[PDB]
$ cat entry10.pdb   # PDB, C-alpha atoms (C1' of nucleotides)
ATOM      1  CA  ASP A   1      16.339 -28.128  -8.824  1.00  0.00           C
ATOM      2  CA  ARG A   2      17.059 -25.896  -5.807  1.00  0.00           C
ATOM      3  CA  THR A   3      16.811 -22.551  -7.649  1.00  0.00           C
ATOM      4  CA  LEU A   4      13.178 -23.044  -8.701  1.00  0.00           C
ATOM      5  CA  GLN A   5      12.183 -24.259  -5.206  1.00  0.00           C
ATOM      6  CA  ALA A   6      13.761 -21.179  -3.596  1.00  0.00           C
ATOM      7  CA  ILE A   7      11.965 -18.741  -5.927  1.00  0.00           C
ATOM      8  CA  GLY A   8       8.616 -20.509  -5.476  1.00  0.00           C
ATOM      9  CA  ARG A   9       8.884 -20.537  -1.681  1.00  0.00           C
ATOM     10  CA  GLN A  10       9.897 -16.852  -1.710  1.00  0.00           C
ATOM     11  CA  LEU A  11       7.012 -15.767  -3.985  1.00  0.00           C
ATOM     12  CA  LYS A  12       4.650 -17.666  -1.671  1.00  0.00           C
ATOM     13  CA  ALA A  13       6.153 -16.066   1.455  1.00  0.00           C
ATOM     14  CA  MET A  14       6.033 -12.551  -0.030  1.00  0.00           C
ATOM     15  CA  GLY A  15       2.461 -13.293  -1.153  1.00  0.00           C
ATOM     16  CA  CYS A  16       2.277 -10.643  -3.901  1.00  0.00           C
ATOM     17  CA  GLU A  17       0.345 -11.150  -7.136  1.00  0.00           C
ATOM     18  CA  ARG A  18       2.900  -9.074  -9.082  1.00  0.00           C
ATOM     19  CA  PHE A  19       6.629  -8.385  -8.626  1.00  0.00           C
ATOM     20  CA  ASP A  20       9.363  -6.075  -9.884  1.00  0.00           C
ATOM     21  CA  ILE A  21      12.388  -8.159 -10.884  1.00  0.00           C
ATOM     22  CA  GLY A  22      15.664  -6.238 -10.910  1.00  0.00           C
ATOM     23  CA  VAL A  23      18.629  -7.531 -12.912  1.00  0.00           C
ATOM     24  CA  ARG A  24      21.772  -5.581 -12.004  1.00  0.00           C
ATOM     25  CA  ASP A  25      24.807  -5.686 -14.299  1.00  0.00           C
ATOM     26  CA  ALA A  26      27.922  -6.387 -12.207  1.00  0.00           C
ATOM     27  CA  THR A  27      30.134  -4.232 -14.462  1.00  0.00           C
ATOM     28  CA  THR A  28      28.068  -1.043 -14.878  1.00  0.00           C
ATOM     29  CA  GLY A  29      25.825  -1.230 -11.793  1.00  0.00           C
ATOM     30  CA  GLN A  30      22.829  -0.743 -14.088  1.00  0.00           C
ATOM     31  CA  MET A  31      19.506  -2.106 -12.891  1.00  0.00           C
ATOM     32  CA  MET A  32      17.073  -3.616 -15.383  1.00  0.00           C
ATOM     33  CA  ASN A  33      13.453  -3.708 -14.170  1.00  0.00           C
ATOM     34  CA  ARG A  34      10.719  -6.111 -15.253  1.00  0.00           C
ATOM     35  CA  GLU A  35       7.213  -6.080 -13.808  1.00  0.00           C
ATOM     36  CA  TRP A  36       5.981  -9.667 -13.787  1.00  0.00           C
ATOM     37  CA  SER A  37       3.139 -11.599 -12.205  1.00  0.00           C
ATOM     38  CA  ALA A  38       4.209 -14.423  -9.863  1.00  0.00           C
ATOM     39  CA  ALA A  39       3.630 -16.947 -12.692  1.00  0.00           C
ATOM     40  CA  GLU A  40       5.651 -14.836 -15.161  1.00  0.00           C
ATOM     41  CA  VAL A  41       8.559 -14.624 -12.694  1.00  0.00           C
ATOM     42  CA  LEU A  42       8.670 -18.438 -12.568  1.00  0.00           C
ATOM     43  CA  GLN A  43       8.206 -18.654 -16.350  1.00  0.00           C
ATOM     44  CA  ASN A  44      11.303 -16.504 -16.979  1.00  0.00           C
ATOM     45  CA  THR A  45      13.528 -18.499 -14.590  1.00  0.00           C
ATOM     46  CA  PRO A  46      15.704 -19.925 -17.438  1.00  0.00           C
ATOM     47  CA  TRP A  47      16.447 -16.352 -18.602  1.00  0.00           C
ATOM     48  CA  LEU A  48      17.145 -15.276 -15.016  1.00  0.00           C
ATOM     49  CA  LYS A  49      19.485 -18.292 -14.767  1.00  0.00           C
ATOM     50  CA  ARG A  50      21.301 -17.167 -17.931  1.00  0.00           C
ATOM     51  CA  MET A  51      21.725 -13.509 -16.915  1.00  0.00           C
ATOM     52  CA  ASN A  52      22.968 -14.627 -13.477  1.00  0.00           C
ATOM     53  CA  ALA A  53      25.515 -16.965 -15.099  1.00  0.00           C
ATOM     54  CA  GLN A  54      26.500 -14.045 -17.357  1.00  0.00           C
ATOM     55  CA  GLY A  55      27.292 -11.994 -14.228  1.00  0.00           C
ATOM     56  CA  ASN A  56      24.059 -10.317 -13.137  1.00  0.00           C
ATOM     57  CA  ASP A  57      22.606 -10.003  -9.641  1.00  0.00           C
ATOM     58  CA  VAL A  58      18.905 -10.834  -9.335  1.00  0.00           C
ATOM     59  CA  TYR A  59      16.657  -8.709  -7.107  1.00  0.00           C
ATOM     60  CA  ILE A  60      12.986  -8.741  -6.075  1.00  0.00           C
ATOM     61  CA  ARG A  61      10.329  -6.376  -4.683  1.00  0.00           C
ATOM     62  CA  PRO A  62       6.508  -6.070  -4.887  1.00  0.00           C
ATOM     63  CA  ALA A  63       5.070  -4.318  -7.959  1.00  0.00           C
ATOM     64  CA  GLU A  64       4.453  -0.565  -7.679  1.00  0.00           C
ATOM     65  CA  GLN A  65       0.636  -0.877  -7.639  1.00  0.00           C
ATOM     66  CA  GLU A  66       0.631  -3.997  -5.429  1.00  0.00           C
ATOM     67  CA  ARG A  67      -1.354  -3.776  -2.187  1.00  0.00           C
ATOM     68  CA  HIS A  68       0.981  -5.216   0.480  1.00  0.00           C
ATOM     69  CA  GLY A  69       2.506  -4.796   3.953  1.00  0.00           C
ATOM     70  CA  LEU A  70       6.013  -6.085   3.227  1.00  0.00           C
ATOM     71  CA  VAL A  71       8.986  -4.158   4.619  1.00  0.00           C
ATOM     72  CA  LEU A  72      12.645  -4.953   3.875  1.00  0.00           C
ATOM     73  CA  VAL A  73      15.299  -4.990   6.614  1.00  0.00           C
ATOM     74  CA  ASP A  74      18.798  -5.371   5.160  1.00  0.00           C
ATOM     75  CA  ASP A  75      22.252  -6.225   6.570  1.00  0.00           C
ATOM     76  CA  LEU A  76      21.322  -8.455   9.517  1.00  0.00           C
ATOM     77  CA  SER A  77      23.105 -11.105  11.576  1.00  0.00           C
ATOM     78  CA  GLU A  78      21.483 -14.248  13.013  1.00  0.00           C
ATOM     79  CA  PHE A  79      21.549 -12.601  16.457  1.00  0.00           C
ATOM     80  CA  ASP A  80      19.571  -9.694  14.975  1.00  0.00           C
ATOM     81  CA  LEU A  81      17.002 -12.189  13.645  1.00  0.00           C
ATOM     82  CA  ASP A  82      16.720 -13.674  17.147  1.00  0.00           C
ATOM     83  CA  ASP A  83      16.141 -10.156  18.507  1.00  0.00           C
ATOM     84  CA  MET A  84      13.462  -9.502  15.865  1.00  0.00           C
ATOM     85  CA  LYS A  85      11.657 -12.771  16.680  1.00  0.00           C
ATOM     86  CA  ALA A  86      11.856 -12.057  20.432  1.00  0.00           C
ATOM     87  CA  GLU A  87      10.486  -8.519  20.004  1.00  0.00           C
ATOM     88  CA  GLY A  88       7.497  -9.373  17.775  1.00  0.00           C
ATOM     89  CA  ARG A  89       9.226  -8.455  14.514  1.00  0.00           C
ATOM     90  CA  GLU A  90       9.170 -12.003  13.107  1.00  0.00           C
ATOM     91  CA  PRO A  91      10.196 -11.939   9.417  1.00  0.00           C
ATOM     92  CA  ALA A  92       7.914 -13.286   6.681  1.00  0.00           C
ATOM     93  CA  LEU A  93      11.102 -14.667   5.093  1.00  0.00           C
ATOM     94  CA  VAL A  94      14.863 -14.677   5.742  1.00  0.00           C
ATOM     95  CA  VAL A  95      17.348 -14.517   2.854  1.00  0.00           C
ATOM     96  CA  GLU A  96      21.082 -15.264   3.119  1.00  0.00           C
ATOM     97  CA  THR A  97      22.552 -12.732   0.666  1.00  0.00           C
ATOM     98  CA  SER A  98      26.099 -14.055   1.100  1.00  0.00           C
ATOM     99  CA  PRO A  99      27.601 -16.551   3.597  1.00  0.00           C
ATOM    100  CA  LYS A 100      26.583 -15.467   7.130  1.00  0.00           C
ATOM    101  CA  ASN A 101      25.024 -12.225   5.825  1.00  0.00           C
ATOM    102  CA  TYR A 102      21.237 -11.896   5.998  1.00  0.00           C
ATOM    103  CA  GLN A 103      18.219  -9.752   5.141  1.00  0.00           C
ATOM    104  CA  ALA A 104      14.539 -10.064   6.065  1.00  0.00           C
ATOM    105  CA  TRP A 105      11.083  -9.126   4.817  1.00  0.00           C
ATOM    106  CA  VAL A 106       8.616  -8.199   7.560  1.00  0.00           C
ATOM    107  CA  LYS A 107       4.868  -8.339   6.951  1.00  0.00           C
ATOM    108  CA  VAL A 108       3.017  -5.789   9.084  1.00  0.00           C
ATOM    109  CA  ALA A 109      -0.414  -6.205   7.450  1.00  0.00           C
ATOM    110  CA  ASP A 110      -2.212  -7.583   4.381  1.00  0.00           C
ATOM    111  CA  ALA A 111      -1.994  -4.039   2.984  1.00  0.00           C
ATOM    112  CA  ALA A 112      -0.188  -0.833   3.993  1.00  0.00           C
ATOM    113  CA  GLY A 113       0.539   2.425   2.156  1.00  0.00           C
ATOM    114  CA  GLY A 114       4.020   3.422   0.982  1.00  0.00           C
ATOM    115  CA  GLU A 115       4.134   6.250   3.525  1.00  0.00           C
ATOM    116  CA  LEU A 116       3.517   3.827   6.410  1.00  0.00           C
ATOM    117  CA  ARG A 117       5.884   1.174   5.012  1.00  0.00           C
ATOM    118  CA  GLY A 118       8.522   3.908   4.575  1.00  0.00           C
ATOM    119  CA  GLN A 119       8.247   4.980   8.215  1.00  0.00           C
ATOM    120  CA  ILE A 120       8.306   1.380   9.501  1.00  0.00           C
ATOM    121  CA  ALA A 121      11.391   0.648   7.342  1.00  0.00           C
ATOM    122  CA  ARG A 122      13.285   3.521   8.999  1.00  0.00           C
ATOM    123  CA  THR A 123      12.213   2.341  12.465  1.00  0.00           C
ATOM    124  CA  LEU A 124      13.095  -1.320  11.794  1.00  0.00           C
ATOM    125  CA  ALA A 125      16.509  -0.313  10.412  1.00  0.00           C
ATOM    126  CA  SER A 126      17.206   1.689  13.577  1.00  0.00           C
ATOM    127  CA  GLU A 127      15.888  -1.035  15.921  1.00  0.00           C
ATOM    128  CA  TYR A 128      18.308  -3.679  14.609  1.00  0.00           C
ATOM    129  CA  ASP A 129      21.223  -1.587  13.251  1.00  0.00           C
ATOM    130  CA  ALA A 130      20.279  -2.380   9.646  1.00  0.00           C
ATOM    131  CA  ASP A 131      21.541  -0.531   6.557  1.00  0.00           C
ATOM    132  CA  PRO A 132      19.791   2.907   6.591  1.00  0.00           C
ATOM    133  CA  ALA A 133      20.183   3.251   2.801  1.00  0.00           C
ATOM    134  CA  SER A 134      18.005   0.153   2.336  1.00  0.00           C
ATOM    135  CA  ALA A 135      15.246   1.745   4.452  1.00  0.00           C
ATOM    136  CA  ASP A 136      12.615   2.882   1.934  1.00  0.00           C
ATOM    137  CA  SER A 137       9.242   1.538   0.756  1.00  0.00           C
ATOM    138  CA  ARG A 138      10.592   0.462  -2.666  1.00  0.00           C
ATOM    139  CA  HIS A 139      14.037  -1.002  -1.923  1.00  0.00           C
ATOM    140  CA  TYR A 140      15.062  -4.171  -3.796  1.00  0.00           C
ATOM    141  CA  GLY A 141      15.699  -7.404  -1.908  1.00  0.00           C
ATOM    142  CA  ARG A 142      17.763 -10.339  -3.150  1.00  0.00           C
ATOM    143  CA  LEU A 143      15.928 -13.167  -4.895  1.00  0.00           C
ATOM    144  CA  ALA A 144      17.039 -16.543  -3.520  1.00  0.00           C
ATOM    145  CA  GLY A 145      18.096 -19.317  -5.905  1.00  0.00           C
ATOM    146  CA  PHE A 146      20.685 -17.146  -7.638  1.00  0.00           C
ATOM    147  CA  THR A 147      24.418 -16.590  -7.216  1.00  0.00           C
ATOM    148  CA  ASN A 148      25.794 -13.482  -5.486  1.00  0.00           C
ATOM    149  CA  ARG A 149      27.983 -11.805  -8.120  1.00  0.00           C
ATOM    150  CA  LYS A 150      29.554  -8.941  -6.124  1.00  0.00           C
ATOM    151  CA  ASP A 151      31.010 -11.283  -3.485  1.00  0.00           C
ATOM    152  CA  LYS A 152      33.856 -12.130  -3.020  1.00  0.00           C
ATOM    153  CA  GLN A 153      30.234 -17.452  -6.444  1.00  0.00           C
ATOM    154  CA  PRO A 154      28.023 -18.289  -3.430  1.00  0.00           C
ATOM    155  CA  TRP A 155      24.316 -19.121  -3.776  1.00  0.00           C
ATOM    156  CA  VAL A 156      21.735 -16.792  -2.238  1.00  0.00           C
ATOM    157  CA  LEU A 157      19.714 -19.009   0.115  1.00  0.00           C
ATOM    158  CA  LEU A 158      16.194 -18.816   1.518  1.00  0.00           C
ATOM    159  CA  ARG A 159      16.640 -19.740   5.184  1.00  0.00           C
ATOM    160  CA  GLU A 160      12.989 -19.491   6.267  1.00  0.00           C
ATOM    161  CA  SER A 161       9.713 -18.455   4.613  1.00  0.00           C
ATOM    162  CA  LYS A 162       6.749 -18.834   6.991  1.00  0.00           C
ATOM    163  CA  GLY A 163       5.030 -15.747   5.528  1.00  0.00           C
ATOM    164  CA  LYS A 164       2.986 -14.936   8.645  1.00  0.00           C
ATOM    165  CA  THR A 165       2.126 -11.395   9.749  1.00  0.00           C
ATOM    166  CA  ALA A 166       4.502 -10.152  12.453  1.00  0.00           C
ATOM    167  CA  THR A 167       3.087 -10.048  15.999  1.00  0.00           C
ATOM    168  CA  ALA A 168       4.074  -6.364  16.216  1.00  0.00           C
ATOM    169  CA  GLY A 169       2.657  -5.873  12.696  1.00  0.00           C
ATOM    170  CA  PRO A 170      -0.666  -4.155  13.590  1.00  0.00           C
ATOM    171  CA  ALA A 171       1.174  -2.232  16.337  1.00  0.00           C
ATOM    172  CA  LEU A 172       3.891  -1.008  13.942  1.00  0.00           C
ATOM    173  CA  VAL A 173       1.200   0.388  11.626  1.00  0.00           C
ATOM    174  CA  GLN A 174      -0.560   2.128  14.546  1.00  0.00           C
ATOM    175  CA  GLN A 175       2.658   3.745  15.789  1.00  0.00           C
ATOM    176  CA  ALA A 176       3.800   4.853  12.321  1.00  0.00           C
ATOM    177  CA  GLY A 177       0.384   6.442  11.713  1.00  0.00           C
ATOM    178  CA  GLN A 178       0.646   8.543  14.881  1.00  0.00           C
ATOM    179  CA  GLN A 179       4.267   9.512  14.123  1.00  0.00           C
ATOM    180  CA  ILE A 180       3.288  10.565  10.578  1.00  0.00           C
ATOM    181  CA  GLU A 181       0.295  12.718  11.584  1.00  0.00           C
ATOM    182  CA  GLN A 182       2.228  14.245  14.503  1.00  0.00           C
ATOM    183  CA  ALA A 183       4.923  15.246  11.991  1.00  0.00           C
ATOM    184  CA  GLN A 184       2.145  16.449   9.663  1.00  0.00           C
ATOM    185  CA  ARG A 185       0.790  18.600  12.516  1.00  0.00           C
ATOM    186  CA  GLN A 186       4.259  20.161  12.796  1.00  0.00           C
ATOM    187  CA  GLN A 187       3.616  22.167   9.620  1.00  0.00           C
ATOM    188  CA  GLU A 188       3.808  25.681  11.108  1.00  0.00           C
TER
ATOM    189  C1'  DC B   1      18.805 -29.208   3.966  1.00  0.00           C
ATOM    190  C1'  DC B   2      21.188 -25.975  -0.272  1.00  0.00           C
ATOM    191  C1'  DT B   3      22.636 -26.601  -7.297  1.00  0.00           C
ATOM    192  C1'  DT B   4      26.806 -24.138 -10.965  1.00  0.00           C
ATOM    193  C1'  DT B   5      22.406 -22.033 -13.683  1.00  0.00           C
ATOM    194  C1'  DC B   6      22.363 -20.531 -19.696  1.00  0.00           C
ATOM    195  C1'  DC B   7      15.992 -16.134 -23.520  1.00  0.00           C
ATOM    196  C1'  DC B   8      13.277 -14.220 -26.687  1.00  0.00           C
ATOM    197  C1'  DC B   9      10.422 -10.302 -28.625  1.00  0.00           C
ATOM    198  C1'  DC B  10      10.522  -6.005 -30.863  1.00  0.00           C
ATOM    199  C1'  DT B  11      11.872  -2.956 -34.627  1.00  0.00           C
ATOM    200  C1'  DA B  12      15.151   0.032 -38.188  1.00  0.00           C
ATOM    201  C1'  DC B  13      16.817  -0.970 -42.211  1.00  0.00           C
ATOM    202  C1'  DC B  14      16.606  -3.634 -46.379  1.00  0.00           C
ATOM    203  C1'  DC B  15      15.292  -3.812 -51.498  1.00  0.00           C
ATOM    204  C1'  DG B  16      12.504  -1.539 -54.476  1.00  0.00           C
ATOM    205  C1'  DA B  17       7.233   0.135 -54.046  1.00  0.00           C
ATOM    206  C1'  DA B  18       4.589  -3.490 -50.731  1.00  0.00           C
ATOM    207  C1'  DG B  19       5.251  -5.912 -47.350  1.00  0.00           C
ATOM    208  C1'  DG B  20       8.012  -9.484 -45.521  1.00  0.00           C
ATOM    209  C1'  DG B  21      12.805 -10.691 -44.582  1.00  0.00           C
ATOM    210  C1'  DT B  22      16.960  -9.962 -41.457  1.00  0.00           C
ATOM    211  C1'  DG B  23      20.171  -8.207 -38.016  1.00  0.00           C
ATOM    212  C1'  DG B  24      20.931  -5.880 -33.817  1.00  0.00           C
ATOM    213  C1'  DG B  25      19.513  -4.122 -29.384  1.00  0.00           C
ATOM    214  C1'  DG B  26      17.763  -4.714 -25.142  1.00  0.00           C
ATOM    215  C1'  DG B  27      14.195  -5.904 -21.602  1.00  0.00           C
TER
END

$ encode --input "entry10.pdb" --output "C-alpha cells"
Amino acid sequence: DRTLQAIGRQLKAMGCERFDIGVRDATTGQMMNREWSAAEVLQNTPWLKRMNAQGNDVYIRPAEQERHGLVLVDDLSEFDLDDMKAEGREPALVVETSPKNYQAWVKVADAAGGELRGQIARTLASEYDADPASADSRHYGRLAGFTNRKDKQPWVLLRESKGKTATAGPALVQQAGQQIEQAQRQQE
DNA sequence: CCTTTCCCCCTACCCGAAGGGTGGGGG
C-alpha cells in the first residue's frame, strides 16, 4: 500500500539510522516521542496506522544522537520550492502536509552539529519566508503516508525524495560557521 | 502517480506467603 511506500522512501531520503517519531494527540496537543531505528519505524507502521485513524498526527525527525545534516524548512509553496532549487537549496525531500501546503528537508552535509543546523534553519526560513517557529535544529516534520488530522482527512504526501546534498550545502555550513564565531567574538 | 489506515509491553495489585495471574495505563 501507499502508506508503507511513502515512509520507506522518506526514511531513505532522510538517510538516518535512527529517528524520533512524534505522535501528537489532536485533542490535547500532547506529543508522544519514540526513538526508533529505521527498521523499527517500519515495523511499528500498523500501530502508527491505528493511532492516526484514532486521531493522531504523525511526525518525524532524526534521533538526538544521530550524525546528520538535515534541516527542516516549513510552510512553503511550490514557487518557494522552485526558488530553493534555483538558488542551490535543493531539498532532500518535499512533503505535502495538506493540499497545496508544503515543507522540505534540506541536506547540507553528511554530518553537521546542532549549532550549525540551527543557524542554517533560521537563514533558510528567512530566505523563503518560512515559519520562523519551525526554525530550530530539532523541529518535527510530518511523516508522509499518514492523514493530516488538524485540517480542515487529507493524506500527507511525499512529492519528491532524491536525498542528494544541496548544491549550497557545503557553502551554507561555511557561512553559518563564520556567522557563529563572529557572534562568539562579540562577547565583550 | 497518491490509500481510508486499526498495537503491544510493562507493571501495581491480587490472593495469601511465593510467585504467577490479571487489569489498566501508556509509549

$ resolve_selection --input "entry10.pdb" --expression "the PyMOL selection byres ((chain B and resi 10) around 12)" --output "ChimeraX atom specification"
/B:8-9,11-12,24-27

$ interface_residues --input "entry10.pdb" --of "chain B" --to "chain A" --cutoff "12 Å" --atoms "all atoms listed in the file" --output "list in words"
residues 1, 2, 3, 4, 5, 6, 7, 8, 26 and 27 of chain B

$ resolve_selection --input "entry10.pdb" --expression "the PyMOL selection byres ((chain A and resi 123) around 12)" --output "PDB file with C-alpha atoms, in the frame of the given file"
ATOM      1  CA  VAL A  71       8.986  -4.158   4.619  1.00  0.00           C
ATOM      2  CA  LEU A  72      12.645  -4.953   3.875  1.00  0.00           C
ATOM      3  CA  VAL A  73      15.299  -4.990   6.614  1.00  0.00           C
ATOM      4  CA  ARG A  89       9.226  -8.455  14.514  1.00  0.00           C
ATOM      5  CA  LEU A 116       3.517   3.827   6.410  1.00  0.00           C
ATOM      6  CA  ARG A 117       5.884   1.174   5.012  1.00  0.00           C
ATOM      7  CA  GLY A 118       8.522   3.908   4.575  1.00  0.00           C
ATOM      8  CA  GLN A 119       8.247   4.980   8.215  1.00  0.00           C
ATOM      9  CA  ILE A 120       8.306   1.380   9.501  1.00  0.00           C
ATOM     10  CA  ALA A 121      11.391   0.648   7.342  1.00  0.00           C
ATOM     11  CA  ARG A 122      13.285   3.521   8.999  1.00  0.00           C
ATOM     12  CA  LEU A 124      13.095  -1.320  11.794  1.00  0.00           C
ATOM     13  CA  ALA A 125      16.509  -0.313  10.412  1.00  0.00           C
ATOM     14  CA  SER A 126      17.206   1.689  13.577  1.00  0.00           C
ATOM     15  CA  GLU A 127      15.888  -1.035  15.921  1.00  0.00           C
ATOM     16  CA  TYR A 128      18.308  -3.679  14.609  1.00  0.00           C
ATOM     17  CA  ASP A 129      21.223  -1.587  13.251  1.00  0.00           C
ATOM     18  CA  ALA A 130      20.279  -2.380   9.646  1.00  0.00           C
ATOM     19  CA  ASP A 131      21.541  -0.531   6.557  1.00  0.00           C
ATOM     20  CA  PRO A 132      19.791   2.907   6.591  1.00  0.00           C
ATOM     21  CA  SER A 134      18.005   0.153   2.336  1.00  0.00           C
ATOM     22  CA  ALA A 135      15.246   1.745   4.452  1.00  0.00           C
ATOM     23  CA  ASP A 136      12.615   2.882   1.934  1.00  0.00           C
ATOM     24  CA  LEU A 172       3.891  -1.008  13.942  1.00  0.00           C
ATOM     25  CA  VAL A 173       1.200   0.388  11.626  1.00  0.00           C
ATOM     26  CA  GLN A 175       2.658   3.745  15.789  1.00  0.00           C
ATOM     27  CA  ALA A 176       3.800   4.853  12.321  1.00  0.00           C
ATOM     28  CA  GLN A 179       4.267   9.512  14.123  1.00  0.00           C
TER      29      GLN A 179
END

$ closest_residue --input "entry10.pdb" --among "A:80, A:188, A:110, A:96" --to "residue 68 of chain A" --atoms "all atoms listed in the file"
A:110

$ atom_distance --input "entry10.pdb" --atom1 "atom CA of residue 37 of chain A" --atom2 "atom CA of residue 56 of chain A"
21.0 Å

$ atom_distance --input "entry10.pdb" --atom1 "atom CA of residue 29 of chain A" --atom2 "atom CA of residue 150 of chain A"
10.3 Å

$ residues_around --input "entry10.pdb" --residues "residue 10 of chain A" --least-positions-apart "5" --cutoff "9 Å" --atoms "only C-alpha atoms (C1' of nucleotides)" --output "list in words"
residues 5, 15, 93, 143, 144, 158, 160, 161 and 163 of chain A

$ axis_aligned_box --input "entry10.pdb" --around "segment 2-21 of chain B" --padding-each-side "4 Å" --output "AutoDock Vina command-line options"
--center_x 15.7 --center_y -13.2 --center_z -27.4 --size_x 30.2 --size_y 34.7 --size_z 62.2

$ residues_around --input "entry10.pdb" --residues "residue 85 of chain A" --least-positions-apart "4" --cutoff "10 Å" --atoms "all atoms listed in the file" --output "JSON, numbers by chain"
{"A": [79, 80, 81, 89, 90, 91, 166, 167, 168]}

$ resolve_selection --input "entry10.pdb" --expression "the PyMOL selection byres ((chain A and resi 21) around 7)" --output "list in words"
residues 19, 20, 22, 23, 33, 34, 35, 59, 60 and 61 of chain A

$ residues_around --input "entry10.pdb" --residues "residue 13 of chain B" --least-positions-apart "3" --cutoff "12 Å" --atoms "all atoms listed in the file" --output "JSON list (two decimals) with C-alpha atoms (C1' of nucleotides), keeping the file's coordinate frame"
[["chain", "number", "residue", "atom", "x", "y", "z"],
["B", 21, "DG", "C1'", 12.80, -10.69, -44.58],
["B", 22, "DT", "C1'", 16.96, -9.96, -41.46],
["B", 23, "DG", "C1'", 20.17, -8.21, -38.02],
["B", 24, "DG", "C1'", 20.93, -5.88, -33.82]]

$ closest_residue --input "entry10.pdb" --among "A:187, A:88, A:57, A:149" --to "residue 171 of chain A" --atoms "all atoms listed in the file"
A:88

$ atom_distance --input "entry10.pdb" --atom1 "atom CA of residue 40 of chain A" --atom2 "atom CA of residue 25 of chain A"
21.2 Å
